[PDB]
Every structure is written in C-alpha cells, then in structure tokens.
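Protein chains in written order, with the working numbering: chain S, 1039 to 1134; chain Y, 5 to 262; chain V, 18 to 65; chain L, 2 to 38; chain E, 423 to 578; chain P, 338 to 525.
Here a beta-carbon is modelled for each residue, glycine too, at the ideal position from N, C-alpha and C.
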Amino acid sequence: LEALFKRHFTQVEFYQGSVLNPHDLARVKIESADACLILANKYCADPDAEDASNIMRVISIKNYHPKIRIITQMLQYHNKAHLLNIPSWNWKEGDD
Amino acid sequence: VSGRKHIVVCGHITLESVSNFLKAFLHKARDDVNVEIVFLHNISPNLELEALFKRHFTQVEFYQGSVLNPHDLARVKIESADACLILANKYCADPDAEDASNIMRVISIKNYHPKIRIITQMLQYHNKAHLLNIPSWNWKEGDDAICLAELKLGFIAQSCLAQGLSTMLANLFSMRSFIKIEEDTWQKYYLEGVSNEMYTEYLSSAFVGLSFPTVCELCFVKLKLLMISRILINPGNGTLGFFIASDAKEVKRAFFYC
Amino acid sequence: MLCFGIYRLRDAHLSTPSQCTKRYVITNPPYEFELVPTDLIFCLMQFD
Amino acid sequence: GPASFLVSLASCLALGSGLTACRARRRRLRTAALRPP
Amino acid sequence: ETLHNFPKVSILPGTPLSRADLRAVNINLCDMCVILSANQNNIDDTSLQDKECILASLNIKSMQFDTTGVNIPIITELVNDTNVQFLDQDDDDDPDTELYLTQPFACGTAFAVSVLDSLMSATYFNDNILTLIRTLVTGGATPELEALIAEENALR
Amino acid sequence: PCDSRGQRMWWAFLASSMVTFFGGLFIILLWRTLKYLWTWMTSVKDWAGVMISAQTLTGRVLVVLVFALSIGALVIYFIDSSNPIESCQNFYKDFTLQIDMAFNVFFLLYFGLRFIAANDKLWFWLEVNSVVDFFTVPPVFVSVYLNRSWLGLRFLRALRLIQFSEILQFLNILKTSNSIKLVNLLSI
Ligand SMILES: [Ca+2]
Ligand SMILES: [Ca+2]
Ligand SMILES: [Mg+2]
Ligand SMILES: [Mg+2]
C-alpha cells in the first residue's frame, strides 16, 4: 500500500486516525472537504455488523460537520432506512 | 499502626479502577483523611500502576495475595482493618459470574473475621439478596452493598418523574471543587451548581425543639444551608439532619447554632 | 415544598432569541439568585 | 563514618520532631481561632 | 415474572427503532422515553459498542408529527462515557472533556454507571448518605421490605 | 610545592566504610534479637515519607537537588579519576574538594531522612542506594581529615543513576509504560 501511495505521489495522501475521533477529523480538515466517501467491506462475514459500523461512521462525521456530502456503500435495505433516519442526513444536498 | 486506621481494597483492581478510586477517596475537597489504603490483588501491577502507587507513597500500599486465602488476609491485617471495600467489574461479559465471585469474596472475608465492615458492589438484585442471606452479614453494623443496576434504574425512574434529577443526584454525591467561569455561559451556572455536596450533622437542642419547616427555613436564611431510626424525607407538621452545602465547614455551624 | 434547584433553559441567559428546548439543572441556588420566568423547579409534595 | 551517620540521623529526627510539633501547635491555634467570630 | 403485580403495564412486541411502533404508542405525547440495552455488556470494542442506543435516540429526534421530535424527553443509558458526544448535534464534542461537563449529561438526557463508583467513597465516610440515596430513588425501600423480597423473591 | 606521592595507605577509607556498614547491620540485628521474646514517631515518619516523595514543593525541590547532585558527583568522580589513584591534596587549595564536601553532606542528610522514612530498617540497610551511601561519604570525610586522597570505591557513585526512573516518577514526569521501561533500561 505504501508503494501504491508512492505511485500516486501528488494525488493521494494517507493519514492514521479514527473516524470516531473528532481530533482525527480535524487533522484531515474534513470541515473544508468537498465530500466524504465511506468504503464498505462487501465480502464481510456479518453484513449487519459492517452496516452498523458504516452508520456509526456517518453519525460521527455528521456530528463533527453536519454540512458535508457523504457517499457511502450499504449492504442491507433496512440499514439504509436507518441511515436516512439520521437527523442530519438529507438527500437533496448530495448525500447518497 | 496505633491511631492510624486502614482499609483493605480487593476485587477488580486495574489501572483505571484504582485511579478513579484514589481520585474519589483522597480528594482535595475531602477533609484531611487519616486512613491507609491497602490493596490486595493476585496479579502483579503494571508499570503504570506501580508509578501510580509510587505517587501515593505514604497513603497507598499494595500486597500480592488472594482474598480466598486466609494467609493473605492475615498478611494485610484484616482483623484490625477499619473496613474492606470490594470493587466489582461493572463492564463484565456476564454479571452473574462477577456477582458470584463477589459473593465468594464476601463469604471468605466474613469467614476469616466476621466482625469487619464490608462495602461491596453488585450488578443484580437477586445477588444482593443472596448476600443479604449470609449469616455473618448484618446491615445494622455497617455492611453495605451498592447495587449498580438497582441504583441506576431508580435514578432513571426518578428522572422520568422530574426530568434532570438523575444528574442532580449524581453531581450531589460526587466530590468536586469550586470552579468560576468568567464567560457568561450555561457552563458557569452549571459549575456553580455542581459544587454542592451532601453531609450529615447533629442538630442543636433548639432545632430539635421546633418544627421541621421552621428549622429548615431558619437554616436556609441564616446558616445558608439547605436541610433535606427511620429516614424521613422532608416531613410535615439529638437528631441527624441531611444538608446540601459546598463543604462540610458550612454544615458544621448547624450544630453550633445558638 | 422543599426546593432543591431549578431546571433552566440553556439559552435563557442569552439575549439572542432561539428555539432551543434543552435545559440544564442548577442545584441549590443562592438566596439572591436571579430568576427567569421560563423555569421548572424541583420540589417535594407532602401528600399521599 | 558511624559517628557522622548517627549525627545526621539525630539531626534529621530532631528537625522533623520540631517541625511536626510546630505544625501541631499551628493546627491547634487555627482550630481554636475558628470558633469565635 | 417479576412485573405481573404492577398495574398499568403494557408490552409492545417489535423493534424499538421502527417508526411505526413508536408512533403507535404516541411517543410524542409521553413524559419520558427510556432507551435501555440488555446485551450492551457483551459487545466489547467501542467501534461496535452502543450503536443501537445512539441510533434510536437520533431516530426519535428526527421524527416529525402533524411538531418535531427534538422536544421529546429522552434519557439514554451508556456504557462508554465517550459515546455521549453523539447524543446531541449542537454541543462542542471533545474526548478530553469528562462526562459531567458534557451537555447531554448536564441536561439529564444521558446516564452511565461510571458516575456511581464514587458512591463507595461516600459510603465509607457516611453510610447515612447511601441509605438516604436508596430511600429517595426507590420510594421508601424499607429494610423489612428488603427481607420480604429476599424471602419470597416477589411482592406480596 | 606540588610534590609527589610516596607511602601507600588505603585501609583507612575501606575500614571506615566497612565499620559504617557492618556495625549498623549488627546493631539492627541485636535490636531485633533483643526485641524477640524480650531476650510522635509515626508523625515524623510520615513527614519524612512525604518529604522523600515529591508530595510537597519542598519535596520536589529535594528530589531535583538529589538528581542534580548525583549527576555532579558522577562528574566529580570522572575528574578525580583523571588524577592519580593515590595522591595528597590539601583541603583549602583545590576547589573540587569543597564541592565534594557539600555533595557528600547533602547525600548524608538525604540518607538520614530516607532512613527516618523507611518502613523496615534492616531491609533499608541492604539497599543499593544505602550501600553506595555507606561506601562513598565516610571515605570522603576520612580523606578531607587526613589531607590525602585515594581513588577508592568512588565508582559506586555511578550506581546512583539507577534511582533516576523513580525520581522522575515522583515528579509526575513519567506516566506511560513504554517511557518508564525505556528510562529504567537506559539508567540500569
Ligand atoms: Ca459535587
Ligand atoms: Ca456532539
Ligand atoms: Mg500533495
Ligand atoms: Mg505506608
């Protein structure tokens, strides 16, 4: 992965931190970010647990900055409905 | 040591648990204490725990032993111990195992010296009843069992009655200090409020002579104290009275009132 | 009625109007504590 | 060697005893001065 | 088995997070909604801890009634003291700020067992404090009642 | 006028150190045997214990002084090791010996305070810090008395570097496990 990052030297940056930690979000300057893309583990043993973790990440990001576009991958429909149940999640401004 | 009391602390002994216990016990706002805290655990402390014990050099001692072993109880001088505080693992996988282990610890301690006072923690009510069924365990001499689930559900139910009472009580029985906030925010008023602890004091003869509302308002207006075999909560119509005040120094004047 | 404290609006002290509903608790206010009409007061009833 | 060590031990013990006696006296006076207004 | 002797108790079988179930019981017209988790101790790992309580709190806060759901009185139990920052979207979250200065705790909308541990210290210095706390939250839990509930394991 | 060294005597310093150690050990053992089947002290002990740890501002001052003066004593040992093993040096001329005098006086007072604060006197006697205090200060006093210097067991001053980790822990400087382990390993 370090070699892959070095290949895209001027386009890709990497940082170590947690989405649940507001200090880490402040480090990556997520308040000025155009969007926040949340990848998902498609081949996960428990899809419900992965969906819950993704929902938790979305909750944390919206808690820090509630005016950022978030594009996420979801594995189940009911978890998607729960995601749309979030107070700060709105599809009109680009949240998908 | 003659004149120096000591208490034996056992059970769930970790870095965070011991740090919290020492923060709550040897508090600056707390009056000058004269007791020694003797920890007894079967696992040797880490480097961080060793440093924490080194910071409290003259107030905290550690001895490696098992509560179930009577020899270890004899080593920590549990016969002369003022009390034994048994800590519990509230964040356990299953409360049944932790509660059963606490039952066994209490059984062993009461087996060694049945006249000692024990303060313990519980996660279930039926385990508290099982503790209450122990022969040597009697609640009149000082034995207590703080039930976490029972107390938390009582706090939640009271908050359902008046919203915000749970945090009131939680800040009320927790030892804190005085903080002044220059900025005119809600935090300033909240920190002004949180600085009140709860104390008990014997009322004077004149206070006993009069009625409860009269002495309560007299304490509030003159002494500036809010005064809250059975415990009577704000009755209608010598004795121990429960006060809410910034520190015990203000409570002490209730006994000295003329 | 024995009153412990008050349950004051979070934005009560602010001059700028707001629609916030959350309130914070104040325990044992002093005798000369300034009081706001939009308040709830914890207290006790002596009646079965 | 032993003479100097005993001298240091006695000096430290005497200093500690004097300081703790002074502290006890100060505590007694400051507790007695609290009762009267 | 321990609740059949109490009047005015009803049970709604279903997910506590579904909006239809909460609308049926008229969650807007209620004195308090208490979100409790039973198997919250099993889940070990903060990245996988207290999902349901926070998600349900946000779901109830996001409801719309023909008024909005942010005025519903809610109290939530938590086991991780750092998860209190996700309960409210208006406060300034900080992992360094301790629990009792956090806005949900100051407003009485959150609770955790980590604040009761200090009781032990108080219980050592004044057991009257513990008995006053017990007799204030449970509504006069007398020790004879404790013995009775220890014998029959029920209420007579 | 800057003469040389001649007769060689070294049993004075070593004998003084051995007396200071073994006599105290024998007195402690004799007291224990006498107490065995008869064959305010707590206050001053607690005060000394509070003094030893950085509990009070004066405690932190004493701890920092112990650190600095142990380092200085090691440096003075280096400087003296640059000199011949056995030499004659008058007290009033060389400025090194007065500094060593002050350092050893401070270390002797610190040892006395630690003994006052100690729980078990016998086990305190058999301590590395106490031992290096036994074999360093009496030799310095004998040397300043006899106006002659021998490079005796002065390397034991380096053994004062072991207590650095505990010294830093008292001052609330080391808190984490990794830093504590690193300091312990480096000092040892
Ligand atoms: Ca308090
Ligand atoms: Ca927040
Ligand atoms: Mg770049
Ligand atoms: Mg001790």
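- Residue environment: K483/E is assigned as buried (16 or more neighbouring CB atoms within 10 Å of its CB, all protein chains considered).
- In this structure, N131/Y keeps its C-beta atom at 9 Å or more from the C-beta atom of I111/Y.
- For a cut-off of 8 Å, the C-beta gap from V381/P to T21/L is around 6 Å, short enough to register as a contact.
- Contact note: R40/V reaches chain E through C529, using a C-beta cutoff of 8 Å and chain order.
- The C-beta of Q63/V comes closer than 9 Å to at least one C-beta of chain Y.
- Rounded to whole angstroms, the separation of the alpha carbons of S209/Y and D513/E is 50 Å.
- Judged by their CB atoms, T62/Y and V387/P are nearer to each other than the 9 Å cut-off.
- Relative to the non-hydrogen atoms of ligand 4, the Cβ of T62/Y comes within a distance shorter than 8 Å of at least one.
- In the structure shown, the three-state DSSP call for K1067/S is coil.
- By the neighbour-count criterion, in which a residue is buried when 16 or more other Cβ atoms sit within 10 angstroms of its Cβ, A1083/S is exposed.
- Secondary structure note for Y1102/S: its alpha helix (DSSP H) is the uninterrupted segment 1085-1102.
- For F66/Y, the enclosing beta strand (DSSP E) begins and ends at 64-68.
- Bridge pairing for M231/Y: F247/Y [DSSP].
- The alpha helix (DSSP H) runs lying completely inside the segment 415-485 of chain P and spanning 4 residues or more are 432-454, 458-462, 465-471, 474-483, given in chain order.
- Not flagged as an interface residue toward chain Y: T33/V, since no C-beta distance is shorter than 9 Å.
- Going by beta carbons, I1076/S and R1107/S fall outside the 9 Å limit.
- In summary, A410/P is buried, with 16 or more beta-carbon neighbours lying within 10 Å of its beta-carbon over all protein chains present.
- A straight-line Cα-Cα distance of about 46 Å links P3/L and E20/Y.
- Residue environment analysis places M62/V among the exposed positions, since fewer than 16 neighbouring C-beta atoms fall within 10 angstroms of its C-beta.
- At least one beta carbon of chain V lies nearer than 9 Å to the beta carbon of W190/Y.
- In the pairwise beta carbon analysis, the segment 565-574 of chain E is classified as not touching the segment 231-245 of chain Y: fewer than three pairs are separated by under 8 Å.
- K9/Y is bridged by DSSP to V39/Y.
- Restricting attention to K256/Y, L165/Y, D36/Y, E145/Y, the CA atom closest to the CA of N550/E is found in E145/Y.
- Checking the 8 Å criterion, the Cβ of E1051/S is within range of a heavy atom belonging to ligand 3.
- At least 9 Å separates the beta-carbon of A534/E from that of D515/E.
- Taking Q507/E as the centre and dropping the five residues before and after it, the same chain places the C-beta of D515 closer than 6 Å to its C-beta, in chain order.
- With 16 or more other CB atoms across the displayed protein chains lying within 10 angstroms of its CB, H45/Y is buried.
- In the DSSP assignment, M126/Y falls outside any alpha helix (DSSP H) and lies within the beta strand (DSSP E) extending over 122-126.
- DSSP, reduced to helix, strand and coil, places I1076/S within a strand of the structure shown.
- In this structure, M542/E lies away from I496/E, with their beta-carbon atoms at least 9 Å apart.
- By a beta-carbon distance limit of 8 Å, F471/P contacts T357/P. Their separation comes to about 5 Å.
- Between the segment 498-506 of chain P and the segment 422-439 of chain P there are fewer than three C-beta pairs closer than 8 Å, too few to call the two in contact.
- Annotation for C151/Y: no alpha helix (DSSP H) segment contains it, though the beta strand (DSSP E) segment containing it runs 148-151.
- By the CB criterion at 9 Å, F6/L and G489/P fall outside the cutoff.
- Taking a contact to require three or more Cβ pairs closer than 8 Å, the segment 509-516 of chain P and the segment 363-375 of chain P do not qualify as touching.
- Exclusion of the five residues before and after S479/E leaves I457, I496, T498, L509 as the residues of its chain whose Cβ lies within less than 7 Å of its Cβ.
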